[PDB]
2 protein chains.
Amino acid sequence: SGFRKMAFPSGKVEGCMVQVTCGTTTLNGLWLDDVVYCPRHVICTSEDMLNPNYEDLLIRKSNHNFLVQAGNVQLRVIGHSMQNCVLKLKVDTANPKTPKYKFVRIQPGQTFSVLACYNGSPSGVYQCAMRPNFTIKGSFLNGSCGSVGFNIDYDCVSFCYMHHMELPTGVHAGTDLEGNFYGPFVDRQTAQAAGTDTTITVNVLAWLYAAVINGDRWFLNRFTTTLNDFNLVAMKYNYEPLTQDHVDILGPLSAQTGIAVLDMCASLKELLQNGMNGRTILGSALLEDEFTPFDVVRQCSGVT
Amino acid sequence: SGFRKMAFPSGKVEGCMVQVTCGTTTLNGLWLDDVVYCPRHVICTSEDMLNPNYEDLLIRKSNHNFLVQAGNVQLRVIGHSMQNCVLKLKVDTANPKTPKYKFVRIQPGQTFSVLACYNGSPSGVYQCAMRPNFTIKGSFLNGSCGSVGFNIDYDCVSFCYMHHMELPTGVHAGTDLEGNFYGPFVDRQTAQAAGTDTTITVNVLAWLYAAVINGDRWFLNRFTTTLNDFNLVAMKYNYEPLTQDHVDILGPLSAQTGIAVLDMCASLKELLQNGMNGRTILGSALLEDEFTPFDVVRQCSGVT
Ligand SMILES: CN(C)c1ccc(N(Cc2ccn[nH]2)C(=O)Cn2nnc3ccccc32)cc1
Ligand SMILES: CN(C)c1ccc(N(Cc2ccn[nH]2)C(=O)Cn2nnc3ccccc32)cc1
């Protein structure tokens with residue numbers, strides 16, 4: 001029993017972290033096979049970030065200008081290319097610690113672990129979700145760029161995020177491992193505001209099921225609702241609309257607990273309208289939305 | 001910017017996890033050098049746990065009864081001994097992945113990361129604190145015993161916890177790596193209730209400093225207090241008494257923010273008396289106490 005904001009074991013990813021320096025800018029790179037992936041803004045100075053022409057800045061850079069260090073040893077760069085907002089540095093040595101991997105582009109509401117790094121060295125690991133406005137609420141300082149987000153299924157690491165920037169509002173933006181930003185963000189220091197940070201309804205319901213499984217049941221009520229009725233309430237509270245796909249995805253948790261999805265929706269509707277009244281659920285005084293239904297099943301079943 | 005419940009990178013510890021089976025009981029062991037450490041209740045059946053005589057149960061066990069598997073390969077057990085509530089299985093092979101390590105016995109209020117394991121395989125990593133009643137609020141299922149808690153300072157892993165049991169109340173108890181339980185708990189399935197789970201005052205203040213550093217400042221007020229006045233309020237709310245040692249430990253955060261420790265105590269006193277009024281601090285609607293002052297500085301400075 002017990003329910004925690006759990007991150008994937010980071011070992012497979014730590015073995016891929018390297019330091020990339022170009023000129024006076026140092027950030028993190030991801031070394032997989034004989035390629036090192038890093039944010040293309042490694043070629044910029046802080047002045048360049050206001051209005052960078054990446055293609056023009058890249059012309060003044062050669063293979064020997066990209067310094068890649070894995071631990072205390074230098075990697076030889078034998079090629080470089082820009083793919084969207086990432087640079088791919090071909091090195092002469094395949095990473096011997098390369099795990100089985102995939103590059104995936106996640107959808108909002110999906111969760112992943114982040115291995116925060118500085119100078120190619122890991123500092124910490126935490127769990128987060130891709131918000132509905134395509135930002136992440138991470139913990140990143142200057143030098144953290146190139147730190148990655150990932151999921152692990154048994155032995156395969158699915159890389160989904162690479163860190164690029166912090167918006168003036170304190171939230172974070174980045175790309176998938178193909179260099180495409182999540183959302184409308186650009187790697188330019190300009191006025192970029194995030195849209196509404198709505199709550200991931202399907203995740204709140206998943207976490208309510210986790211609470212029931214773990215003994216916190218005070219919020220369970222005598223009511224039911226319909227998807228359309230629940231959705232009117234969800235709209236009022238800036239919660240994402242719940243779809244029949246979401247209901248289907250909650251099926252296994254509904255089967256385990258014996259609590260129909262629409263009954264749990266009615267419990268959630270009451271919590272939204274009446275609040276928690278000074279009470280807590282799984283040690284939180286607010287409705288948690290960074291656990292997917294898959295995460296709840298995984299944590300409550302002990303998948304390694 | 002941003003402040004997250006961050007765990008240490010788990011790689012160094014993943015390389016130490018092994019599976020230990022004795023009879024029909026399988027749990028996790030920690031392989032460091034040529035010794036595998038595991039809970040002594042690996043020798044028990046579920047029936048034995050009601051009233052175990054560990055010394056008597058151990059007499060019926062030989063080296064060949066302890067099956068130790070590291071990944072897919074079997075380790076040869078050439079000696080075994082009981083040290084307090086842990087077994088030390090001497091194996092014929094030193095773990096090649098043994099990091100630099102220390103065994104430390106932590107004090108309540110201190111935090112650490114837990115690498116939850118099943119069948120010698122890591123499933124997740126999360127951060128937690130040793131509660132003032134010597135329990136931990138973890139996420140552990142059956143088979144998780146022998147999973148360990150640790151801190152990492154650059155390259156040295158300080159192991160502080162090994163998981164042994166879940167109390168009937170859903171909280172967790174375990175030992176240091178010398179086999180001594182934290183608190184008064186015993187490895188017996190009996191009526192063991194935990195004492196008052198008081199709030200770690202020094203950690204709440206540390207987290208309030210983290211909030212100020214990260215931009216959440218609404219709770220800062222025009223007041224100050226004294227240690228004795230603050231402590232009267234802390235007693236009323238089941239918060240640990242704040243000592244001059246705690247004030248001293250908060251010195252660096254007080255210096256960074258320019259907010260005197262006693263002024264922050266007055267802000268905390270107001271939050272205790274008046275509540276949050278539906279507001280949040282660092283994404284939480286309650287006062288967080290599982291970040292030490294050291295953790296706040298480490299996260300806000302980017303220590304790898
Ligand atoms: C290449 N250089 C010197 C550089 C310098 C600065 C940035 N920026 C500014 C920026 C680019 C676009 N919009 N905003 C960043 O936001 C990078 N970054 N990422 N997470 C951070 C957390 C704290 C502090 C800085 C952080 C990128 C690149
Ligand atoms: C050796 N065997 C079969 C055994 C079997 C059961 C236990 N116990 C019971 C117990 C011993 C003392 N007080 N309570 C445990 O609490 C072990 N354990 N630890 N975390 C758990 C999380 C969920 C479920 C079980 C969990 C220990 C040992």
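Start at 1 and go down the list; that is how both ligands and their atoms are numbered. Every chain is numbered from 1 and lettered A, B, ... according to where its sequence line falls, protein lines coming before strand lines. Hydrogens, waters and symmetry mates are skipped; everything else that's a heavy atom, side chains included, is used.
Aromatic ring pairs are classed by plane angle as parallel below 30°, tilted from 30° to 60° and perpendicular above 60°; the pair B:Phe8 and B:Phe150 is tilted. Taking the six-membered ring for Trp and thresholds of 30 and 60 degrees, A:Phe66 and A:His80 have ring planes inclined between 30 and 60 degrees apart.
Within a 4.0 Å radius of atom 7 (C) of ligand 1, the protein has no heavy atom. For atom 16 (O) of ligand 2, the nearest protein heavy atom lies closer than 4.0 Å.
Close approach of ligand 1 to A:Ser46 is summarised as follows: ligand atoms under 4.0 Å from at least one heavy atom of the residue are 3 (C). Under a 4.0 Å criterion applied to the non-hydrogen atoms of A:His41, ligand 1 contributes the atoms 1 (C), 28 (C). Close contacts between ligand 2 and B:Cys145 involve ligand atoms 17 (C), 18 (N), 19 (N) [criterion: under 4.0 Å to a heavy atom]. Of all atoms in ligand 1, numbered sequentially from 1 with element shown, those under 4.0 Å from a heavy atom of A:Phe140 are 22 (C), 23 (C). The A:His163 neighbourhood of ligand 1 comprises atoms 19 (N), 20 (N), with distances under 4.0 Å to a heavy atom of that residue.
Looking only at heavy atoms of the protein, atom 13 (N) of ligand 2 is closest to B:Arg188 O, 3.2 Å. Of the protein's heavy atoms, B:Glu166 O, 3.8 Å lies nearest to atom 14 (N) of ligand 2.
Using a 3.5 Å distance cut-off with no hydrogens or angles, the side chains of B:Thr175 and B:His164 do pair a donor with an acceptor. A donor-acceptor pair shorter than 3.5 Å cannot be found between the side chains of A:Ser121 and A:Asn119. In the model, A:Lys88 has a side-chain atom that pairs as donor or acceptor with a side-chain atom of A:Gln83 under 3.5 Å. There is no side-chain donor-acceptor pair under 3.5 Å between B:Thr111 and B:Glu290.
Looking at B:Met49, B:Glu47, B:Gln189, it is B:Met49 that brings a heavy atom closest to atom 27 (C) of ligand 2. Ranked by closest heavy atom to atom 23 (C) of ligand 1, the top entry among A:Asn142, A:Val186, A:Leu27 is A:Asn142.
Distance alone, capped at 3.5 Å, places no donor-acceptor pair between the A:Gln19 side chain and the A:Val68 backbone.
To the nearest 0.5 angstrom, A:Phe291 atom CZ is 6.5 Å from A:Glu288 atom CD.
Contact annotation: for A:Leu141 versus ligand 1, heavy atoms closer than 4.0 Å belong to the backbone alone.
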